[PDB]
Amino acid sequence: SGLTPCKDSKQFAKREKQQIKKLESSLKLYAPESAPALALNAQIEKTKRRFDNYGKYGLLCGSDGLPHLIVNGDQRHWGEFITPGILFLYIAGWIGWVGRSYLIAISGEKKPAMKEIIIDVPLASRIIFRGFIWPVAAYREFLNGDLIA
Amino acid sequence: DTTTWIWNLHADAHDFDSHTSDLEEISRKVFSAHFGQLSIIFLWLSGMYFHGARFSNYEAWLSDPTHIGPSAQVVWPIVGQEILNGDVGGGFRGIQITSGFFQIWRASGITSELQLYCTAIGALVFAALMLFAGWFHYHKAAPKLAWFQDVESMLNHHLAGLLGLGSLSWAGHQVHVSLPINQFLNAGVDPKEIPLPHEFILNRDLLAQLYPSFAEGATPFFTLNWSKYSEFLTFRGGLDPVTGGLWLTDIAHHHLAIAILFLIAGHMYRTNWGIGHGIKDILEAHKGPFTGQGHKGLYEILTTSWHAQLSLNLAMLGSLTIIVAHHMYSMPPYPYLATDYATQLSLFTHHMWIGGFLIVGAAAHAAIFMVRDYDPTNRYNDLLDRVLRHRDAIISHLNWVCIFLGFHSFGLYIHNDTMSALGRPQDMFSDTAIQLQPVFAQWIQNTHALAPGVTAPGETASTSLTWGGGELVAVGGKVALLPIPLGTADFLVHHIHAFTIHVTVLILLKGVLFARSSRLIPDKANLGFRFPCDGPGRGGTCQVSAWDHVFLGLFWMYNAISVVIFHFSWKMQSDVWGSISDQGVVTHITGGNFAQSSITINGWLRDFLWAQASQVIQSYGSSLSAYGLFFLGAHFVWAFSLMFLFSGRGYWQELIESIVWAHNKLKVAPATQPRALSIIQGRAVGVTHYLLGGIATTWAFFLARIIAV
Amino acid sequence: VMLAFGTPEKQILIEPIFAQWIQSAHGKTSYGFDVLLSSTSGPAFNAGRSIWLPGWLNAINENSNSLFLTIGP
Amino acid sequence: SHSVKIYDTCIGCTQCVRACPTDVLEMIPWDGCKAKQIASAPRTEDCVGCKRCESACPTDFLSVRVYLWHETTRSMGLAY
Amino acid sequence: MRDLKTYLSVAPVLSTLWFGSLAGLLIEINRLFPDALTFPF
Ligand code: CLA
Ligand code: CLA
Ligand code: CLA
Ligand code: CLA
Ligand code: CLA
Ligand SMILES: CC1=C(C/C=C(\C)CCC[C@H](C)CCC[C@H](C)CCCC(C)C)C(=O)c2ccccc2C1=O
Ligand code: SF4
Ligand code: SF4
Ligand code: SF4
């Protein structure tokens, strides 16, 4: 959509050069072997590697020199939004399933409210491993009809 | 059962009077709590002393105080946050501090980083000792009630021992360590060549070379030939030209005199040996011409109640803190403090806020005492009864003064603004059209300037340089102190201060007086000190308790203090602080625009808020960007506070009902039923966020502005 | 935070692809999607090319007015 | 003045009568419950509307209800 | 003692331990894979 790749972005190169020039301005103030100078020299390399990696991944830059993210579902940009999205969904489902399974276990007690303050660690440690298979567990429970009260 | 129990658990954690009704147990708990607080303070001091030894540029600053910015904090390079390590000079990178710790250490004679390590270790040991003492005195050896009620012995020891001997010991330290080391430093001697402090004690001719009077020994003290000690015990007055602070010899003499006076004052109250007065006898026997009977009955009230004593102490401490804040900017006690502007602005604002908070606490605890501990049957006092019998006249007169002051202090600003907008500058209240000169303050300034040499023969100079008639003081090309002019712009702002203080006093005093009962709710005492309302009857009785009066007074305290610090900042930036060229021409930071721009509300919006906020909003990408980030974050908290202040409780309970239904639909309903916040809690949450946001915004603005310029 | 720490290239900037696609379908040629009215070979273009399309296409591609401005993150 | 109504879910625990700060309510005999009594509101012209009565009713929903209405000097709590 | 375990299982202490471990872990990945915007896998 009028976007150019990072590796061929003159404004991207200008941003990198300007940041490096600004960083090197403070390097001249200290002795070359001093600890502040050693710490500063490690910052320039980090900037260089970051810019190289951004160029190497085929990110798209506009007229500003800043990368843009395409989330329409293009197969060449699945790492921007699609790939991290499924990971977040899996992790959030794990957390939710563990939290839901803990409450059901203690609901049958005489005083279920007491277990919400003093957490039963031996009981909680067993349920934690069970969240690994939460997609299959939820898929099977939905079909059987036990998901909704 | 419900979620309000969790909130109630932390609300009454330190209310010992509700837990038990026995005075002995409350007293023991109070003693142990004080021990714990002392331990925490010692741990904080240990941390502060240690950080300046390992992660600071103290030595480089000591070799060049003027051109090096103090620093004691360093950041780890994790997420790119190491941009906060600015170039503060001295071959060091870190965050510039504004607590004035380097000046204290220099004035105490510290020259190396080995002494700071020892001080940190000692403070840590003392913290451990205090914690153990608290545990011991609560669980093993708890005193009796009769021990706590011996107020004649407490005053004697707290005057003679704590305050009398501390000043004497500090004067000894000053005389023996601080004077010679500072004299060596002021002479241009390199810090690593200065002899160690114990060489002065062990070798006496070294001290005799600097001060010949040390050769005579202690004989002149005993022979009453005290004129020989005038070498290091002076009465000069004024600031030190080399450093810009008070002479250390003056401080030593002052501490010696204070110690002697306090030691004399500590032998007044009667104890086992039968010499001295009794407090009860002094209170009872006192009957002047208008009191009549007197103060008979206050001894029991003040010895059987903790809230009255707490209120009195809080009020006194708040007033003392405000006085301390005022007295330190005009008579700088530490070297190289006046010419370092970042610390001067930070020390004035800190203690003002502390004093205001402590005063509001005094009002709150007086209200608590009136609600709970008041007893006209067993603890009758006459003066309190007479004050309670004409409370209608007190409040109605205090209500009138607030209206008069508000009109005659704010309508002048509005009139000036309108006349300026209508193109009629000859009709404003200013130095060129209609003058309202503060003649009394100018007379005071002239009298204090002329006091030396006439009414103070022993004084060689005035106490401070603010009184017009003195000479300018310059340290390292910067302006330290000079006479402060007073004009029409200073007439209006003082009356603004008076108006705000009077309104705050009105709110707090009304709450305290009507805590017990009023014409609307005769039985308000039975409802308690902290209750929301008494229903929608009588047209509405929202916020009738004393707790709500304190809640309202916090807003006005915050409003009053904010104007003071703005006045100080603009007046000092525009009329005192600046730089001096080689030929003696002073150029102030803002070029003296306070006189003409600070008479209209547009001047404060354009020349102060708009013009001086350009430093914080341009801090992105530099080492001051943390201030730019905190500037925006505090607005969010301040605006977030408004949700709790403007809204009610029923709407949120119904919303939570719908949410709980949606949770019940999926068998994730907690057994602890969610509840919305109570009426009182919703008020307390709002004001906390309001104050936090406002104070943080002002803090970031001030710190980002003054460090850059 | 990313810009406060001096590294503007770390910002999360997302192009509004759907609105840009709508604008391209209306005849705007600032993105190059070439769909519907922006495509000369489409059935939509040939239907109204001789009634109202020329004036509307001329007006929309003039960037000095407020008709379908350019958008970004 | 305000209007106060009593319904038949009363259990006669006498809490509302004790909570009234203006002597509006009173208890009368009534054979419809175990306690054999029920509350009454004969002097509603003295009600101020503070709703202390409703805070004391222990039923699932209040057996005593207060509806605000025309306000007079007595119901405004004015002493001047 | 048993009281030591019971006090350690209360909600605030357990939550603080969990969040501290979480923050340490997150800092570990942020240090090991710095300046990350896209998945290169
Ligand atoms: C290991 C030592 C130890 C132990 C086992 C106890 C045990 C006990 N103390 Mg105790 N106490 C201790 C040291 C200790 N104390 C010390 C050193 C002091 C002096 C400060 C006190 C002062 C003290 C008082 C005044 C009282 C007790 C009481 C009690 C009993 C019930 C309270 C309780 O534990 O509830 C659980 C309480 C806690 C877990 C304490 C939490 C409070 C905070 C966390 C303290 C930490 C300070 C601060 C918040 C942390 C830094 C500041 C900042 C980060 C916020 C209990 C038997 C009470 C009692 O017997 O009444 C019948 C009582 O009134 N203690
Ligand atoms: C009238 C009492 C008085 C005064 C004016 C001072 C003044 C001073 N002390 Mg100090 N001091 C005092 C009592 C006093 N001290 C006592 C009793 C002790 C023993 C605990 C000390 C221990 C002490 C130490 C250890 C140090 C100082 C230092 C200093 C100087 C730093 C400035 C400062 O602290 O802010 C201004 C301070 C004040 C305005 C003090 C307010 C406290 C009030 C006056 C308590 C006394 C009440 C009394 C009845 C007067 C009522 C108030 C008055 C306004 C009417 C300053 C010249 C420091 C120093 O020399 O650095 C160069 C330092 O390191 N003092
Ligand atoms: C020497 C000082 C001192 C002492 C000993 C006390 C002691 C007391 N006060 Mg008190 N008070 C003081 C100063 C003091 N006050 C001042 C200066 C004010 C004015 C603001 C007040 C205003 C005040 C009110 C309005 C009330 C008390 C009450 C009380 C009593 C119960 C306190 C309680 O349960 O706190 C429990 C402790 C807390 C609730 C902690 C508060 C947490 C603060 C607000 C948030 C801080 C945010 C922080 C910066 C960020 C941390 C983040 C972190 C959590 C992650 C107790 C006797 C209460 C009372 O007696 O009622 C009958 C009461 O209602 N005080
Ligand atoms: C594990 C517990 C758990 C579960 C399964 C859910 C599930 C749900 N909540 Mg929810 N919620 C929870 C805890 C939980 N909540 C807590 C503790 C709060 C108070 C902070 C809320 C406040 C809340 C609101 C205000 C709303 C929901 C809503 C919803 C529904 C929309 C989906 C969603 O994620 O909303 C988003 C949920 C959140 C943003 C909640 C924050 C997640 C918390 C922090 C997780 C806490 C986990 C807990 C520590 C479990 C410990 C387990 C351990 C013992 C092993 C969904 C059914 C919405 C709805 O459809 O209406 C009811 C809605 O509007 N929740
Ligand atoms: C409830 C959430 C919500 C709401 C109200 C809106 C509302 C809007 N979006 Mg939008 N959007 C959302 C979520 C949401 N969006 C999400 C999650 C994404 C990332 C995929 C986007 C991406 C996006 C783009 C790229 C654009 C808009 C635009 C717009 C505006 C025009 C209407 C439109 O095109 O609808 C778009 C509606 C959707 C895409 C439906 C999303 C709603 C579902 C329920 C969210 C479910 C998330 C799901 C779990 C993720 C699955 C992915 C996973 C498999 C990896 C409108 C204000 C346009 C605009 O004018 O911007 C200026 C535009 O160009 N949105
Ligand atoms: C927003 C708002 C609420 C809602 C706010 C509530 C319910 C406060 C509670 C919020 C916190 C965040 C609940 C936290 C619950 C658990 C501790 C969450 C644990 C899970 C992880 C975070 C560990 C009120 O109840 C209210 C009452 C009276 C006047 C104004 C208002 C008001 O404005
Ligand atoms: S419910 Fe709210 S508005 Fe009504 S009286 Fe009570 S506190 Fe006031
Ligand atoms: S509303 Fe108040 S005054 Fe009226 S009947 Fe009820 S308790 Fe009595
Ligand atoms: S009104 Fe309520 S409190 Fe009074 S008798 Fe009936 S049920 Fe009991």
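Residue positions begin at 1 at the first shown residue.
Note that Cβ sites are derived from N, Cα and C of the backbone, with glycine treated the same way.
Residues annotated as [4Fe-4S] cluster binding site in Swiss-Prot, with sequence analysis given as evidence: B:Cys533, B:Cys542. Take the CB of B:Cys533 ([4Fe-4S] cluster binding site) and look out to 10 A: across all protein chains shown you find 18 other CB atoms. In three-state terms derived from DSSP, B:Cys533 ([4Fe-4S] cluster binding site) belongs to an extended strand segment.
Feature annotation from Swiss-Prot assigns chlorophyll a' binding site to B:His635. Under DSSP, B:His635 (chlorophyll a' binding site) is assigned to a helix (H, G or I) in the three-state scheme.
What Swiss-Prot lists as chlorophyll a binding site is B:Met643, B:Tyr651. Just so you know, the Cβ of B:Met643 (chlorophyll a binding site) picks up 13 other Cβ atoms within 10 Å once every protein chain is counted. Under DSSP, B:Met643 (chlorophyll a binding site) is assigned to a helix (H, G or I) in the three-state scheme.
Its Cβ taken as reference, B:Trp652 (phylloquinone binding site) is surrounded by 16 other Cβ atoms within 10 Å in the chains shown. B:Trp652 (phylloquinone binding site) carries a helical DSSP state (H, G or I). According to Swiss-Prot, the phylloquinone binding site annotation covers B:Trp652.
If one looks beyond the transmembrane segment (B:30-53) by at least 6 residues along the same chain, the residues whose Cβ comes under 8 Å of a Cβ in the stretch are 14, 16, 72-73, 101-102, 105, 113, 116-117, 119-121, 123-124, 126-128, 130-131, 133-135, 137-138, 143, 306. Positions annotated as transmembrane segment by Swiss-Prot: B:30-53 (among others).
Summarising the annotation, Swiss-Prot assigns transmembrane segment to B:116-139 (among others). Counting residues 6+ beyond its ends, the transmembrane segment (B:116-139) has Cβ neighbours under 8 Å at 28-29, 31-32, 35-36, 38-40, 42-43, 45-47, 49-50, 52-53, 58, 105, 110 in the same chain.
The feature transmembrane segment is assigned by Swiss-Prot to B:155-179 (among others), with sequence analysis given as support.
Taken from Swiss-Prot, the feature transmembrane segment covers B:251-269 (among others), and the record attributes it to sequence analysis.
According to Swiss-Prot, the transmembrane segment annotation covers B:306-329 (among others).
Tertiary neighbourhood of the transmembrane segment (B:345-371): same-chain residues 98-100, 305, 307-308, 310-315, 317-322, 324-325, 328-329, 508-509, 511-512, 515-516, 525, 528-529, 546-547, 549-550, 553-554, 557-558, 560-561, 564-565, 568-569, 572, 695, 698-699, 702-703, 706, selected by CB-CB distance under 8 Å and a gap of 6+ residues from either end. Annotation comment: Swiss-Prot describes B:345-371 (among others) as transmembrane segment.
The list of residues near the transmembrane segment (B:393-415) in space but at least 6 beyond its ends in sequence, with Cβ under 8 angstroms from a Cβ of it, reads 387, 428-429, 492, 495-496, 498-499, 502-503, 505-506, 509-510, 513, 599-601. The transmembrane segment feature in Swiss-Prot is assigned to B:393-415 (among others).
What Swiss-Prot records for B:491-509 (among others) is transmembrane segment.
Residues or ranges marked as transmembrane segment in Swiss-Prot (evidence: sequence analysis): B:549-570 (among others). Only residues 6 or more beyond the boundaries of the transmembrane segment (B:549-570), in the same chain, are considered here, and those with a CB under 8 A from a CB of the stretch are 329, 345, 348-349, 352-353, 356-357, 359-360, 363-364, 367, 493, 496-497, 500-501, 503-504, 507-508, 510-512, 543, 590, 594, 598, 604, 608, 683-684, 687, 690-691, 694-695, 698, 702.
For B:624-646 (among others), the entry in Swiss-Prot reads transmembrane segment.
Taking Cβ pairs closer than 8 Å, the transmembrane segment (B:684-704) reaches residues 98, 342, 345-346, 349, 353, 551, 554-555, 558, 562, 565, 569, 612-613, 615-616, 619, 624, 627-628, 630-631, 633-645, 677 in its own chain, all 6 or more past its ends. If you look up Swiss-Prot, you'll see B:684-704 (among others) marked as transmembrane segment.
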Next on the checklist: If I count Cβ-Cβ pairs under 8 A between the transmembrane segment (B:251-269) and each of B:155-179, B:306-329, B:491-509, B:624-646, which range comes out on top?
Outcome noted: B:155-179
Next on the checklist: What residues elsewhere in the chain lie close to the transmembrane segment (B:306-329), defined as a C-beta under 8 angstroms and at least 6 residues from its ends?
Outcome noted: 17, 26-27, 30, 344, 347-348, 350-352, 354-359, 361-366, 368-369, 372-373, 568, 572
Checklist entry - Could you state the CA-to-CA distance between B:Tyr651 (chlorophyll a binding site) and B:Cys533 ([4Fe-4S] cluster binding site) to the nearest Å? => result 18
Item to check | Distance from B:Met643 (chlorophyll a binding site) back to B:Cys542 ([4Fe-4S] cluster binding site), taken between C-alpha atoms, in Å | outcome: 18
Checklist outcome for this item: Among binding-site residues B:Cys533, B:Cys542, B:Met643, B:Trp652, close to ligand 7 by Cβ (under 6 Å) are B:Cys533, B:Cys542
Checklist entry - Looking only at DSSP and grouping its letters into three states, which state does B:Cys542 ([4Fe-4S] cluster binding site) belong to? => result strand
Item to check | B:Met643 (chlorophyll a binding site) versus B:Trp652 (phylloquinone binding site) - Cα distance in angstrom | outcome: 11
Checklist entry - For B:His635 (chlorophyll a' binding site), what residues in its own chain, 6 or more apart in sequence, show a Cβ-Cβ distance under 8 Å? => result B:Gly693, B:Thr697
Checklist outcome for this item: Between the C-alpha atoms of B:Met643 (chlorophyll a binding site) and B:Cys533 ([4Fe-4S] cluster binding site), the distance in angstrom, to the nearest integer, is 20
Item to check | Candidates near ligand 6 among the binding-site residues B:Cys542, B:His635, B:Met643, B:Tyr651, B:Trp652, judged by a Cβ under 6 angstroms | outcome: B:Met643, B:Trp652
